[PDB]
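**Student:** sequence, then structure. It's an experimental one.
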Amino acid sequence: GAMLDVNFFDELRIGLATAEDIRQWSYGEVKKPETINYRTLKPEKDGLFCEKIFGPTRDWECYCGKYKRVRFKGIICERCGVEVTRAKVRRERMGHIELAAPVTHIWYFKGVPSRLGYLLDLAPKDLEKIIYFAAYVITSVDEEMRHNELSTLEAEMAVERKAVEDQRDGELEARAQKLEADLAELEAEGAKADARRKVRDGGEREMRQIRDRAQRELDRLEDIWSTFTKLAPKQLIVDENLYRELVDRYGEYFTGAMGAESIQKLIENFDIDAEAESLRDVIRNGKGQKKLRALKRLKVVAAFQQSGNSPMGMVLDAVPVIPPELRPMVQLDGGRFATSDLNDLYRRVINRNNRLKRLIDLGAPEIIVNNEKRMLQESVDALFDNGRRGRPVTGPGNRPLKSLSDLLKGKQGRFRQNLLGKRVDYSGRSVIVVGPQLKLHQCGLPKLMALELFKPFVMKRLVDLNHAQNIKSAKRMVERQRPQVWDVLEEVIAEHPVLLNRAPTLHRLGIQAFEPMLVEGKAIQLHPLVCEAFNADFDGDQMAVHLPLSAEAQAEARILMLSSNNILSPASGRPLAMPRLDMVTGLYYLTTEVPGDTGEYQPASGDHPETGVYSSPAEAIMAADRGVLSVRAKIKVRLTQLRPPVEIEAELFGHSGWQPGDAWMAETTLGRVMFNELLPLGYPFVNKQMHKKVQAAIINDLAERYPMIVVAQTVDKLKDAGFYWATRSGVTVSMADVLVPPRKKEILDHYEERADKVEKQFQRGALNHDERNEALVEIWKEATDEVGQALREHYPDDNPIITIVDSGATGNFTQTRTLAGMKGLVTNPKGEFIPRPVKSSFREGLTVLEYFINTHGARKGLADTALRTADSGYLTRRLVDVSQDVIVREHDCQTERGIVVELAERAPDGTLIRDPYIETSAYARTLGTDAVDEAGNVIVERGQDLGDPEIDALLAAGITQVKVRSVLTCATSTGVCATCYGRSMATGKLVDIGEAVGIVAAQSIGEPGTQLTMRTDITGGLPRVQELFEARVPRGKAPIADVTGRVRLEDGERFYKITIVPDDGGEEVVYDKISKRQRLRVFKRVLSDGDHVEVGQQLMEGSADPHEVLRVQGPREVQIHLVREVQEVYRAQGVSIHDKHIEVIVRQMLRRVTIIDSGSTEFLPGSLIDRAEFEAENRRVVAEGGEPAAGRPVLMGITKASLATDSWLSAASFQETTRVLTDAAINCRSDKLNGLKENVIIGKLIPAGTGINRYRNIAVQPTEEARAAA
Amino acid sequence: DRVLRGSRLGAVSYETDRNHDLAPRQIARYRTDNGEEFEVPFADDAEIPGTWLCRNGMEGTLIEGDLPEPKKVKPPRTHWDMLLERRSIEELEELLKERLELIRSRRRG
Ligand SMILES: [Mg+2]
Ligand SMILES: [Zn+2]
Ligand SMILES: [Zn+2]
């Protein structure tokens, strides 16, 4: 019911037009190529802007001007013709053109494969001659009347040929009599007979051409009779003169036509069922090229068979007209007029159609008429898709006219260019400054921005306080900025959350919601902790503010996207509100311990007591505020309000030390007590030195064991104490605090002698150039590491630079090595090393040549960072477009399958060394089965969350192989069940039943781009990940095994050739073209000759294509390979991604199965279908007899897998929008509106998060025990 | 750099869409040649012409037989008439009979 357009959609179905549907849509028939009057600027009558068709131009204004009142409504005016209504109906009122002669579509002819040509079984170039009026084609030919006229008109044909032969022999006899006359009138005179033989030869040649021309017209008679006997439908007849011969002699007993109406007659007299059965018989019985052709036609043939849709849609009798508001006839201030280029094409089609109608009522020869038909057909094609066939129609400046299809095609259509994004109201942006007194959920706001933002709210409030009695007075008061608006503005702005966003928005934490508070000034203040999540520096970066309006949207920005409820990154579960550089330096200086400092506790006795002890931290604070104590001494306080560590509390109170009350002694510092009071009351005492890893562990454990509000208040107190002790710590950089190592000249002389010897040996010609450069590279790398060792040995611990480095605040040791020491080696523009190298440090200052050498590497890094940024954006786009449908649907899939987990493999001496990859592989995943240690009891039952205490229990019990339940093995239809996915890391508990895990996975994978350095011919960087998800064959193709047993290591000349000894008794496996660009595989030691191999052991050393490993070891070990292969790349940069994020992508790759046996089930060999359909394929058709359908697992790249989707509306957004529509149009492919890409386009609620029907039909009512209290 | 202004040729009002106290409406019915009704809601105080253009393609007449007037239609420029304006009857008939005599002597022999 797409007439009144109710707000309740179920499906969107695209079909195929008919002339009846078009004339039912239309509100008239445009018949004049007129738009406006040149002087009065009013629309014309029966033109492209005809008001009678496309409604009026002003609100309830008829054209003469009589009826101008809203009391008139829907009343057509007999004087002017129009119906009184709003001017908004010019947006959606349709017109149609009437066509004198039919014209076919351009999409069903020109777009290869030609769908009409496949339907009617013709060549496309030989269909071009039909539809462009250059060849005649016979529609239908009689058979019974032709059958008796075969005999009768063959008698007539023989009689006509006999009369023709009589004419021929009469002409030959007359020419022979003239030849005998030439004989008589040459022979009678006795002269030179050479000229007398010339007239005889001319007469002979004349007789020859007479009989030759007679033979040619006899051949013409034979040809017309032969072709009449060969008369069949779908026969092209070239040479319309010969067609006219067929008309004058054998013009009856058949019907022929020419052109689009001939195609229409052909399709009308075309029953598809007989050709469908014939194609079925051909593909069932035969084989080969004819069977492949029959299948390729049988696609669209069976589509029309299952369809109730007519096959008449290719021809067209009435082009529809787009409403005039979509092609605006705007004018500017200054008499300049602008149109949108469709009016020229429409005007052209109108002119051609009117001229053809005039000629067909006049009566004209067929050359004129068919030339007019041809240019009309070309005009319609130029309207629908300008530039496909021949040449595009251009205009002024020779730009081709943007047709209808270019409003959808490409990057300027209504599938991308208005579906990337749109500008919004209630927005704003400014520069940002640090707000280090704010609480975590707060953010600043300048008043000259917030007044503009909250303008309607403050208008309503200051009307309600009678400062301005009407809205216009309120608006003028706000514009003049009278001083009452601020006291109104605070009350209207309290507890009204706004959003913040910094472009570019990489991942999910890029948009966070904050409660505003007013800031005098011009810059948005910001909490200093969230700059880590926003990736915002303060070099002048600009954030943008939006504003939610509805009660629903304010609820979402208050509960979901609030800044205090996003502490853990969803990629890995590590915190992102952890204190960074400056406060980390503060806490490091606070909690370090210095021996030899003032007022230390010593037990020096026999004369006087210890003089280090203190009764309470209050007394310690008083003493430190005096001159006696330092913060970082070592004392023995008696705490009372801090819970002791577990060992000490077990020693003293056993288990019942309720640390609110009791008292105990501790030999800490003061600073660790002062820092440890910031942590909550239940938390055990720490007593360590607060390196950044330790702070990450503390905040991670705190967020696991405590609520988020406790975590937020704790980390805010941490920020305050961190800044206050950072400014006391005396971190300064001065040139007396950058010490050169005092051994650098000795080190450089010792390496310089070796370099000089190598250069001398190349000077004598003892080696080649690349050996020289390699030896120099090795010498200077050893020298650089030696001087770095000397520097780190020399520097004392309490230096500012090494303190900043060692705390984990920022930087690494290489930057200190360059700042004092040596720069090392600098690369080339190509990427190789310069063998010079730099031997100076930035404290001592470089010289001119060294600065010139350094400039290459600096500029190269500067350009390639932006290049890597663009490529990471591209990768994120592809992954989002693949996995934008995996959302949580059920609660329990209820399977028993699952993957296994390595989990701290057993040592050969025998112990459980903990495996280093557990937090990204084993943490936060539910257990598929139970775990039992040495056939005793179970330790952890099915369904447990598998956190740290379960991990410790399994490790103490001494087991490695658990069988976790996970996605990959999820048995739901679409999307995954909640109990498989495990603990969502952004909450620390189980996921809900609406979470968009696919988009979370895609953003968490694609965000740590721009930190993937490749190396210094096998890919090892970001493009290695890019070819992995595309699953293409890699460059460094190291092959794998195909059977186990011993192997024959074997090398030929300059490239190797290894055969494999089989143990199965089959053919001996032989690998042939092993080039010498690789090395041998090292396993367990080098690959030996006669060494025992596996069925899938990699032969060479490098990479294997996954298609091979799918073919050998099946569908399981590809995923175990593909997870571990990608995850290795991120571990090379110290970046942690949990493996369930990659697990969603690899699940989407293996959805499909190829077809090799269509058998008796409906398919085509070599085609790809979903497994879940293929499961129900051989559960329905195998009832009452199984039918052959052989399926193999196929692994496909992400761009290939996204393209072969099913919701056509989403699929049109990628490429070939003309092609994507034009075959879904044939199949009547109704969409489902179930993904997330399509619901954004048509503006309804997304079916994920607060859009599902569990969470949208919630009824809210007071309880009845509280009803009576009201 | 380049920011312009402009408006389409038309003004916009602001009323309320009440749906009760409308103008009194007569509904008229027309009909094309091919049996196509086109219901035309006029005013109640409105003259009804016998013919009216419709979306069907032609001027559909009234469904009444009250005004059946087919009168004023003719082709003003026929080739025969503009032949008659320049050529006389005896000259044209002489040419006709000469060509008839020629084709009689050609087909007959
Ligand atoms: Mg910046
Ligand atoms: Zn009017
Ligand atoms: Zn599941």
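**Tutor:** Cool, got the structure. Numbers count the residues shown, from 1 in each chain, chains lettered A, B, ... in the order given. Ligands and ions are numbered 1, 2, ... in the order given.

**Student:** what's the longest helix in the chain?
**Tutor:** If you meant another chain, say so; for now it's chain A. Identified as the longest helix of chain A according to DSSP state H is helix A:144-187.

**Student:** you answered for a different chain; I wanted chain B.
**Tutor:** The longest helix of chain B (DSSP H) is helix B:89-107.

**Student:** hang on, residue A:1058 in a strand?
**Tutor:** Yes. Membership of residue A:1058 in a strand is supported by DSSP: H, G, I helix; E, B strand; the rest coil.

**Student:** tell me what it is bridged to.
**Tutor:** Per DSSP bridges, the residues bridged to residue A:1058 are residue A:1071.

**Student:** pretty sure it contacts residue A:1046?
**Tutor:** No. The pair residue A:1058 and residue A:1046 fails to qualify as a contact (Cβ atoms under 8 Å) at a distance of 12.0 Å. Using the backbone N, CA and C atoms, a C-beta is placed for each residue, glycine as well.

**Student:** those two: which is more packed in?
**Tutor:** residue A:1058 (21 against 15; other Cβ atoms under 10 Å in any protein chain shown).

**Student:** from ligand 2, how far off is that one?
**Tutor:** Going from residue A:1058 to ligand 2 by Cβ to the ion, to the nearest Å gives 93 Å.

**Student:** how far out from the middle of the chain is the longest helix of chain A?
**Tutor:** Distance of helix A:144-187 from its chain centroid, counting by Cα atoms, centre = their mean, to the nearest Å, is 78 Å.

**Student:** which positions in chain B make contact with chain A?
**Tutor:** Applying Cβ under 8 Å from any Cβ of the partner chain, one finds that chain B approaches chain A through B:4-13, B:15-18, B:21-23, B:25, B:40-43, B:46-49, B:52-53, B:55-57.

**Student:** what sits up against the longest helix of chain B?
**Tutor:** Outside of helix B:89-107, the residues within contact range by Cβ atoms under 8 Å, 6 or more residues apart in numbering or on different chains are residue B:83.

**Student:** which of the residues of chain B next to chain A fall in strands?
**Tutor:** Among the residues of chain B next to chain A, the members falling in strands (DSSP state E) are B:6, B:7, B:25, B:40, B:41, B:42, B:43, B:52, B:53.

**Student:** once you drop chain neighbours, what's closest to the third one?
**Tutor:** The shortest distance from residue B:25 to any residue other than its chain neighbours is 5.1 Å, reached at residue B:41 (Cβ to Cβ, 6 or more residues apart in numbering or on different chains).

**Student:** tell me who's in contact with the one you found.
**Tutor:** Counted by Cβ under 8 Å, 6+ apart, residue B:41 has contacts A:74, A:75, A:76, B:25, B:26, B:27, B:28.

**Student:** hey, what's the fifth one bridged with?
**Tutor:** Spelled out, that is residue B:26. According to DSSP bridges, beta-bridge pairing links residue B:26 with residue B:42.

**Student:** OK, contacts around residue A:698?
**Tutor:** The neighbours of residue A:698, taking Cβ under 8 Å, 6+ apart as the test, are A:679, A:686.

**Student:** the closest residue to ligand 3 within the stretch 651-800 of chain A sits in which helix or strand?
**Tutor:** Residue nearest to ligand 3 within the stretch 651-800 of chain A (Cβ to the ion): residue A:704, separated by 24.7 Å. Using DSSP states H and E, residue A:704 sits within helix A:692-705.

**Student:** which element follows that helix toward the C-terminus?
**Tutor:** Next element after helix A:692-705 (DSSP H and E): helix A:708-726.

**Student:** sorry, back to before: what number of residues lie near the residue of the stretch 651-800 of chain A closest to ligand 3?
**Tutor:** Counted by other Cβ under 10 Å, the residues lying close to residue A:704 total 13.

**Student:** distance of the nearest residue to it once chain neighbours are set aside relative to chain B?
**Tutor:** Closest residue in space to residue A:704, ignoring its immediate chain neighbours: residue A:988 at 6.3 Å, by Cβ to Cβ, 6+ apart. According to Cβ to the nearest Cβ, to the nearest Å, residue A:988 stands 51 Å off from chain B.

**Student:** repeat for residue A:267
**Tutor:** 24 Å.

**Student:** now for the residue lying closest to residue A:310 once chain neighbours are set aside: which residues touch it?
**Tutor:** Excluding its sequence neighbours, the residue lying closest to residue A:310 (Cβ to Cβ, 6+ apart) is residue A:18, at 6.9 Å. Residues near residue A:18 by Cβ under 8 Å, 6+ apart: A:310, A:312, A:313.
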